[PDB]
Structures are given as C-alpha cells and as structure tokens.
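What follows is a set of notes on a single structure, which appears directly below.
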Amino acid sequence: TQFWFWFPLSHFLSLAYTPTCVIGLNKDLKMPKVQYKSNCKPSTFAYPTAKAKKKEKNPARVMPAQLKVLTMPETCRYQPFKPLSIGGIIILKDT
Amino acid sequence: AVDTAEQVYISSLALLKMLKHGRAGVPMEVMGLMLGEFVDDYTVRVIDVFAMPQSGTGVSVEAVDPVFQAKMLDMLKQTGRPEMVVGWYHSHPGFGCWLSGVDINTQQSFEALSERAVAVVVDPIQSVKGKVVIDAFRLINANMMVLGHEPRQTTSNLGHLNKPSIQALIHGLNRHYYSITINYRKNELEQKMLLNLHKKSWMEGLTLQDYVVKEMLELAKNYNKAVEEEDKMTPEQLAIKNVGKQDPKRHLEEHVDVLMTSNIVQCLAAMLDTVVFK
Ligand SMILES: [Zn+2]
C-alpha cells in the first residue's frame, strides 16, 4: 500500500499473483495434445467462434469469462476426468 | 555521502519563543541560534530556541555573542540539559517570509561549522489563527549538483512539503533551496495539560460563576424584534407573483440560531436558580 514511506513496499507485491491459464498435467513431465473449445466470441482472444485451442504446454493464457463457458473435448486421446471450472494447473485422464 | 528526506520533531517551545520573538519582535528583522540535537539522518529535533539581546543594528553573522553562547550553555549545564545547537533562527515579521540577502550568507557560514543549520523563517504578524506561519529551508549548494537534487527516499513528506511550493522569490529559489519537513510532536505530555487547563479555565474558572442573565435578554429581545421586521421584509420579496427573482437569496438563517441558543440559555438560566437552590 504506502510505498512512499518505504520504497520496498512497492517491490513487495511478489506473492500476490496466480496464473490464469490451463495446464494438461496427467504425468508430471508429459506433454500431450488436447484440443477443447472456449465458447466465447473469438474477440476475447485479445491478448495484450466455433472452438479454441488452449493447451500444449507453455500453457495458454485464459480469461475468467472463458473459464465459465468451456467444454471438454470428445475426439482426443485424453478426454479429461473432472468437470473443469478452475484455472491454472488441472486434471487429465486418458480415454 | 547520502541524502534522505529529513524531519523536525519540534518542541512546541521552539515556536512559542519564535512567536514571542516575532510578536515582541518589532518588525525590524532579527537573528538568533537554534538548539536541538541531531538525532539521526532522516530526522532532527529542536528542543530549544533561546533568546537574544536587542540587536537592533542589522542582521549579520557578527551579531552572535560567543560569551553569550558560553554562558547560555553553562546555564543549561547548571540546569538539567547540556544539549547541542542544531542551527539558527531568524525573524521576518513584516513581509512575506522569504530569504533575505544576509541569510544567503550566514546560512552557509553557520553550516560550515555545523552539519545542517536549517533556517527558520517566522511571521506571527500575519494574522491570528488559521495560517500555519512557519517556514524552514535547507540550503542546497552548487557543490551538490554532482548527483541529482532528488533525495526522494521517503516520499510524500517532500510531496506535501511540495504541496504549497508557494513563495515568489522562493519558488524562484528552487535553486539553492529545498525545504525541510516540519511536523509537530506527539505533544500530549503538554497537549494533555494545555487541553485540561484550557477547558478547566476558559469556562468560568472554578466554573461556578454564571450558575448577565436577563437585562442582556432585554437588549437581546429588542435586537430580536428590531431585526425581525427586516427579516419579514423577505416573504413580500418571495411574492414575485409568478417568478421574477433569480435564486433564493436566502435570509431565513441567523435568526433561527440566535433565538435558538439564546433562549436555550435563558431557559437553562431559569433552571439555574432551581438548580443551585436544590
Ligand atoms: Zn529574520
């Protein structure tokens, strides 16, 4: 907050940030190829439709509005296990 | 070798002797020395501002009597505290409190020996309460243009010191001068007793005095009629039949409140005999 009083207070915002992304970690080193869809209009891809491509670990940067309109994939080798609503690092299951 | 935003935790007696020295300090400008202790780098304190003889000749560096310095500190040594000078005061009681042409010499003449020697400008002959009339500066020099003129370390102290930034030749004197920050100490060790004597004294002393009562009400009710007829010369002016008056031009007030609190005083004065008697 009051970083005039102490200039390191402006540095101190380290632990304040968590990623908004999507991560297909089935095995801890494994990089599979999944393609699900984000049902927003494709202008929410504005990063300063029919479907999307948000996989392939880096992970893909996501929007919280994109995190509530998602849908699991049907044709991949890895159709996931849990219904997805949380961002960051999440589930995957082979089917 | 490093610069930080300083601070002056004042003893209030400093400004008290400055206001006596300026009030009684007849608008011929005068000179003295400031006495505190250099606590650390980012703060200083002034515990004392002592008095000078009537040096009505001219402000100069020669006006300091060193035997008065010796005897002053000696009489502080036979009193309780042998503290140290931190600098020098002066008084600018007529004009708008800005650095005279002798001060521009004696500041660095004093801080050639001392470390900081912060100037203190005063003018209690401005007006009575609502101005904040104290003025202090720190002489920056042409030797220190090597690195930038930006201590900045703790900010918004020099940011609220920068918030006025207003004196004509002094904001001309951004050159040679950056001010120092002046807050007033947590003075409850004296603010306590000033408050307590202030309100235990500024209402009837022992406070059994008024508890004058009614002929002042006679004169006041004759006021409260003689101005009420011109009070009621306003709703005739509210009869503008349709509309012919730019905005309300309101004279309702100042005769609600006077009647209100004055006759509250009269009814509680009618209480007062039935109060004191039993
Ligand atoms: Zn002066």
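Going by the structure tokens order, chains are called A, B, ..., each with residues numbered from 1, while ligands are numbered from 1 in the order shown.
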Throw together the list of residues within 8 Å of ligand 1, counting only C-alpha atoms and all ligand atoms, and drop it here as a list in words. residues 29, 30, 31, 59, 89, 90, 91, 92, 93, 100, 121 and 122 of chain B
I want to know what sits within 12 Å of residue A:81, based on only C-alpha atoms, with residues of the same chain fewer than 6 positions away left out; could you give that as a ChimeraX atom specification? /A:24-26,72-73,90-95
When you look at residue A:68 with a cut-off of 7 Å (counting only C-alpha atoms), what residues show up, excluding the ones that are within fewer than 3 positions of it in the same chain? I need them as a ChimeraX atom specification. /A:64-65,85
Output C-alpha atoms of each residue in that selection to a file, as a PDB file, in the first residue's frame.
ATOM      1  CA  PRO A  64     -12.087 -15.840 -16.317  1.00  0.00           C
ATOM      2  CA  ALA A  65     -15.095 -15.326 -18.591  1.00  0.00           C
ATOM      3  CA  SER A  85     -14.104 -24.864 -13.792  1.00  0.00           C
TER       4      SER A  85
END
Give me, as an MDAnalysis selection string, the residues of chain A that a backbone DSSP run labels helix (DSSP H, G or I). chainID A and resid 8:11 66:68
For the selection you just gave me, I'd like the residues written to a file as an mmCIF file, in the first residue's frame, keeping N, CA and C atoms.
data_model
loop_
_atom_site.group_PDB
_atom_site.id
_atom_site.type_symbol
_atom_site.label_atom_id
_atom_site.label_comp_id
_atom_site.auth_asym_id
_atom_site.auth_seq_id
_atom_site.Cartn_x
_atom_site.Cartn_y
_atom_site.Cartn_z
ATOM 1 N N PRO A 8 10.739 -0.162 -0.700
ATOM 2 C CA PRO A 8 10.487 -1.607 -0.874
ATOM 3 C C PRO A 8 9.036 -2.042 -0.770
ATOM 4 N N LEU A 9 8.130 -1.212 -0.233
ATOM 5 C CA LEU A 9 6.717 -1.584 -0.229
ATOM 6 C C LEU A 9 6.180 -1.720 -1.649
ATOM 7 N N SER A 10 6.701 -0.923 -2.580
ATOM 8 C CA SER A 10 6.370 -1.067 -3.989
ATOM 9 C C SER A 10 6.960 -2.329 -4.603
ATOM 10 N N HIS A 11 8.066 -2.834 -4.054
ATOM 11 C CA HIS A 11 8.603 -4.107 -4.516
ATOM 12 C C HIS A 11 7.810 -5.283 -3.968
ATOM 13 N N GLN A 66 -13.763 -16.785 -20.021
ATOM 14 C CA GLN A 66 -13.526 -18.004 -20.778
ATOM 15 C C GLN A 66 -13.536 -19.240 -19.887
ATOM 16 N N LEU A 67 -13.280 -19.085 -18.587
ATOM 17 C CA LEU A 67 -13.272 -20.224 -17.678
ATOM 18 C C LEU A 67 -14.662 -20.676 -17.255
ATOM 19 N N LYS A 68 -15.724 -19.982 -17.663
ATOM 20 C CA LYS A 68 -17.079 -20.390 -17.321
ATOM 21 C C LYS A 68 -17.891 -20.853 -18.519
#
In Å, how far is it from atom CA of residue A:44 to atom CA of residue A:20?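 Between atom CA of residue A:44 and atom CA of residue A:20 the gap works out to 13.9 Å.
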Tell me as a compact mmCIF listing (two decimals) with N, CA and C atoms, in the first residue's frame which residues belonging to chain B come within 7 Å of chain A, counting only C-alpha atoms.
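Saved as result_37.txt:
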# COMPACT_ATOMS: atom_id res chain seq x y z
N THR B 154 12.08 8.59 1.54
CA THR B 154 10.69 8.65 1.97
C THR B 154 10.02 9.75 1.15
N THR B 155 8.93 9.42 0.47
CA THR B 155 8.26 10.40 -0.37
C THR B 155 6.96 10.81 0.33
N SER B 156 6.27 11.80 -0.24
CA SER B 156 5.02 12.44 0.21
C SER B 156 5.19 13.27 1.48
